[PDB]
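Participant: Here's a structure for you.
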Amino acid sequence: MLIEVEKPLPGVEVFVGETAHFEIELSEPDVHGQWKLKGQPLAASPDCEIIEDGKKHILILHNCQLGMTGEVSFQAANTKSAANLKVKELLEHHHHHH
Numbered sequence: 000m001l002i003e004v005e006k007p008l009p010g011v012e013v014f015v016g017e018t019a020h021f022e023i024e025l026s027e028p029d030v031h032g033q034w035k036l037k038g039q040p041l042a043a044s045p046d047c048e049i050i051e052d053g054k055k056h057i058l059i060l061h062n063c064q065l066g067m068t069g070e071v072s073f074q075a076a077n078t079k080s081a082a083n084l085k086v087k088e089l090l091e092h093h094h095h096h097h
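Its first residue numbered 0, the sequence shown is counted upward by one per residue in the entry's author numbering.
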């Protein structure tokens, strides 16, 4: 009856101002969705790509500089979807066995 997420994002991980991969399921390939961000004006930005393979939707966000964490909002057929973003610190530290 009502649209229900099949594979939500209970916790996404990405690099600081690098790449943002987000994929979810709606168990309904008959419809689609849109990705909204407080940073960008709307979805399908000139610096992002929105591909829908089957029923799932993938959104690549470049340069995700929001801070210690970011809040991503996605709408799937008049549906409210919000997940937490974990920004990682780009560190080229060395991991020696000794």
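We treat Cβ as the ideally placed atom computed from N, Cα and C, and that holds for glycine.
(1) Alpha carbon to alpha carbon, what distance is there between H61 and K35?
(2) Compare the beta carbon distance of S80 and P28 with 8 Å and say whether it is the shorter of the two.
(3) Report the option in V86, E5 and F73 whose CA atom is closest to the CA atom of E17.
(4) Round the Cβ separation of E51 and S26 to the nearest angstrom and send it over; I've been treating them as touching at under 8 Å.
(5) For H20, count the other beta carbons within 10 Å of its own beta carbon; 16 or more makes it buried, fewer makes it exposed. Which is it?
Facilitator: On the basis of the supplied data:
(1) 14 Å
(2) no
(3) Of the candidates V86, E5 and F73, the one whose C-alpha sits nearest the C-alpha of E17 is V86.
(4) The pair is not a contact, with the Cβ atoms about 14 Å apart (cut-off 8 Å).
(5) exposed
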